[PDB]
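Here the sequence shown is numbered in the authors' numbering, starting from 179 and rising by one per residue. For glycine and all other residues, C-beta sits at the position ideal for the given N, C-alpha and C. Here is the structure we will look at.
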Amino acid sequence: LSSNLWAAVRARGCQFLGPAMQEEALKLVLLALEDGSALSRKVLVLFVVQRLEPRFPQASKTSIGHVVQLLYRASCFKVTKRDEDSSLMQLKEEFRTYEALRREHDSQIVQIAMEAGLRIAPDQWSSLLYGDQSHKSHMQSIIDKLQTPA
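Now the structure itself:
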(Lines of atoms letter the chains of each structure in order from A; the text may use other names.)
(Lines give C-alpha, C1' and ligand atoms only; values in the text may rest on other atoms or scores of the structure.)
Protein backbone atom coordinates (compact mmCIF):
# COMPACT_ATOMS: atom_id res chain seq x y z
CA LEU A 179 0.00 0.00 0.00
CA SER A 180 2.59 2.52 1.19
CA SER A 181 4.88 1.19 -1.50
CA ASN A 182 2.26 1.99 -4.12
CA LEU A 183 1.67 5.48 -2.68
CA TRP A 184 5.36 6.49 -2.61
CA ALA A 185 5.88 5.22 -6.13
CA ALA A 186 2.96 7.37 -7.27
CA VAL A 187 4.49 10.41 -5.44
CA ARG A 188 7.93 9.92 -7.05
CA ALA A 189 6.20 9.36 -10.40
CA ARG A 190 5.38 13.06 -10.23
CA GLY A 191 8.81 14.37 -9.27
CA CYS A 192 8.05 14.69 -5.58
CA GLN A 193 9.11 12.79 -2.56
CA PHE A 194 8.13 12.14 0.95
CA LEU A 195 11.24 11.28 2.95
CA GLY A 196 9.59 9.70 5.94
CA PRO A 197 7.93 11.43 8.90
CA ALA A 198 10.95 12.77 10.79
CA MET A 199 13.00 13.92 7.80
CA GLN A 200 9.99 15.56 6.07
CA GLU A 201 9.06 17.47 9.18
CA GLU A 202 12.61 18.90 9.47
CA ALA A 203 12.80 19.55 5.72
CA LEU A 204 9.58 21.60 5.81
CA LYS A 205 10.60 23.49 8.90
CA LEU A 206 13.82 24.57 7.13
CA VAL A 207 11.90 25.68 3.98
CA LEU A 208 9.74 27.73 6.35
CA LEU A 209 12.80 29.07 8.15
CA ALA A 210 14.09 30.42 4.80
CA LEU A 211 10.77 31.71 3.38
CA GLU A 212 8.42 32.55 6.28
CA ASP A 213 9.57 36.23 6.16
CA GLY A 214 8.99 36.69 2.42
CA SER A 215 12.50 36.01 1.20
CA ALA A 216 12.64 35.09 -2.47
CA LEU A 217 15.01 32.23 -3.21
CA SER A 218 15.98 30.39 -6.36
CA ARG A 219 15.55 26.61 -6.20
CA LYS A 220 19.40 26.44 -6.07
CA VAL A 221 19.61 28.52 -2.91
CA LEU A 222 16.60 27.08 -1.21
CA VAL A 223 17.92 23.49 -1.61
CA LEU A 224 21.42 24.53 -0.52
CA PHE A 225 20.06 26.15 2.62
CA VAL A 226 17.97 23.10 3.52
CA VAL A 227 20.40 20.21 2.60
CA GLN A 228 23.24 21.88 4.58
CA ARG A 229 21.25 21.77 7.81
CA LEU A 230 19.74 18.39 7.16
CA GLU A 231 22.85 16.39 6.15
CA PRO A 232 24.25 15.87 9.66
CA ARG A 233 21.19 14.10 11.08
CA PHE A 234 19.91 12.74 7.77
CA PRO A 235 22.72 11.28 5.62
CA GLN A 236 20.08 10.54 2.98
CA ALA A 237 19.72 14.32 2.35
CA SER A 238 20.99 15.31 -1.06
CA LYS A 239 20.18 18.06 -3.53
CA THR A 240 18.06 15.52 -5.45
CA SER A 241 15.87 14.36 -2.57
CA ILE A 242 15.38 17.89 -1.16
CA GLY A 243 14.64 19.22 -4.61
CA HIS A 244 11.88 16.58 -4.78
CA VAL A 245 10.41 17.88 -1.52
CA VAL A 246 10.47 21.43 -2.98
CA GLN A 247 8.67 20.09 -6.08
CA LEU A 248 5.91 18.64 -3.88
CA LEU A 249 5.26 22.10 -2.40
CA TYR A 250 5.54 23.61 -5.88
CA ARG A 251 2.93 21.19 -7.26
CA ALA A 252 0.82 22.13 -4.25
CA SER A 253 0.95 25.79 -5.52
CA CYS A 254 2.60 26.84 -2.23
CA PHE A 255 4.86 29.34 -3.98
CA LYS A 256 4.58 32.74 -5.69
CA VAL A 257 7.07 32.54 -8.50
CA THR A 258 9.00 35.53 -9.83
CA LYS A 259 10.08 34.89 -13.42
CA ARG A 260 13.16 36.53 -14.95
CA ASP A 261 14.83 35.50 -18.32
CA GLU A 262 18.13 37.09 -17.49
CA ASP A 263 18.11 34.95 -14.27
CA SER A 264 16.75 31.98 -12.26
CA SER A 265 13.13 32.22 -11.18
CA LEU A 266 12.62 32.94 -7.45
CA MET A 267 10.08 31.36 -5.11
CA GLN A 268 8.32 32.97 -2.20
CA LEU A 269 5.96 31.21 0.20
CA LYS A 270 2.46 32.53 -0.43
CA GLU A 271 1.27 34.62 2.50
CA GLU A 272 -1.35 32.08 3.57
CA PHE A 273 1.32 29.34 3.86
CA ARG A 274 3.88 31.13 6.09
CA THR A 275 3.09 29.10 9.20
CA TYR A 276 4.06 25.46 9.78
CA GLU A 277 0.44 24.36 10.35
CA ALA A 278 -0.76 25.81 7.04
CA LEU A 279 2.29 24.63 5.09
CA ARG A 280 2.01 21.14 6.50
CA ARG A 281 -1.73 21.01 5.81
CA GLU A 282 -1.17 21.89 2.17
CA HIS A 283 1.73 19.43 1.90
CA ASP A 284 -0.40 16.58 3.31
CA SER A 285 -3.33 17.60 1.06
CA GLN A 286 -1.14 17.30 -2.01
CA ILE A 287 -0.16 13.75 -1.05
CA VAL A 288 -3.82 12.75 -0.41
CA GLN A 289 -4.55 14.30 -3.86
CA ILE A 290 -1.83 12.15 -5.40
CA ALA A 291 -3.40 9.05 -3.75
CA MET A 292 -6.70 9.95 -5.49
CA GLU A 293 -5.03 10.60 -8.78
CA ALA A 294 -3.48 7.18 -8.50
CA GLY A 295 -6.81 5.52 -7.49
CA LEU A 296 -5.16 4.36 -4.38
CA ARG A 297 -7.71 4.40 -1.57
CA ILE A 298 -6.53 5.09 1.99
CA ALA A 299 -8.11 5.42 5.42
CA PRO A 300 -7.40 8.23 7.95
CA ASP A 301 -5.81 5.72 10.36
CA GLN A 302 -3.28 4.69 7.70
CA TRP A 303 -2.58 8.31 6.69
CA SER A 304 -1.54 8.99 10.25
CA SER A 305 0.82 5.96 10.17
CA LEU A 306 2.33 6.91 6.77
CA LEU A 307 2.85 10.67 7.21
CA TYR A 308 3.33 10.89 10.96
CA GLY A 309 4.57 7.43 12.06
CA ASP A 310 1.92 7.33 14.84
CA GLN A 311 -1.83 7.10 15.24
CA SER A 312 -2.17 10.70 16.35
CA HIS A 313 -3.28 12.58 13.23
CA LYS A 314 -6.21 10.65 11.80
CA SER A 315 -8.50 13.60 12.60
CA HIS A 316 -6.16 16.14 11.01
CA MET A 317 -6.17 13.79 7.98
CA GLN A 318 -9.92 13.42 8.05
CA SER A 319 -10.48 17.13 7.66
CA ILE A 320 -8.01 17.20 4.76
CA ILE A 321 -10.02 14.38 3.04
CA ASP A 322 -13.26 16.29 3.73
CA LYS A 323 -12.03 19.28 1.75
CA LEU A 324 -11.21 17.24 -1.34
CA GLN A 325 -14.75 15.74 -1.26
CA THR A 326 -18.25 17.04 -1.89
CA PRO A 327 -19.35 19.15 1.11
CA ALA A 328 -22.06 17.71 3.43
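Chain D within 9 Å of residue i, Cβ atoms only
i	result
residue 246	Of the chains in the structure shown, none is chain D; there is only one protein chain.
Buried or exposed by the 16-neighbour rule on C-beta atoms within 10 Å, applied to residue i
i	result
residue 284	buried
residue 179	exposed
residue 286	buried
residue 325	exposed
residue 295	exposed
residue 257	exposed
residue 233	exposed
residue 243	buried
residue 200	buried
residue 304	buried
residue 185	exposed
residue 252	buried
residue 280	buried
residue 237	buried
residue 328	exposed
Selection from the options that minimises the alpha carbon distance to residue i
i	options	result
residue 189	202, 309 and 247	247
residue 222	231, 266 and 201	266
residue 277	238, 218, 320 and 196	320
residue 241	270, 292, 271 and 194	194
residue 219	235, 202, 255 and 196	255
Residue i: first and last residue of the uninterrupted alpha helix (DSSP H) it sits in
i	result
residue 318	314–324
residue 200	197–211
residue 300	300–308
residue 188	180–189
Nearest-angstrom Cβ-Cβ length linking residue i and residue j, presumed shorter than 8 Å
i	j	result
residue 269	residue 211	4 Å
Scan the segment 221–285 and note each continuous alpha helix (DSSP H) run of 4 residues or more that stays entirely inside, going in chain order.
239–251
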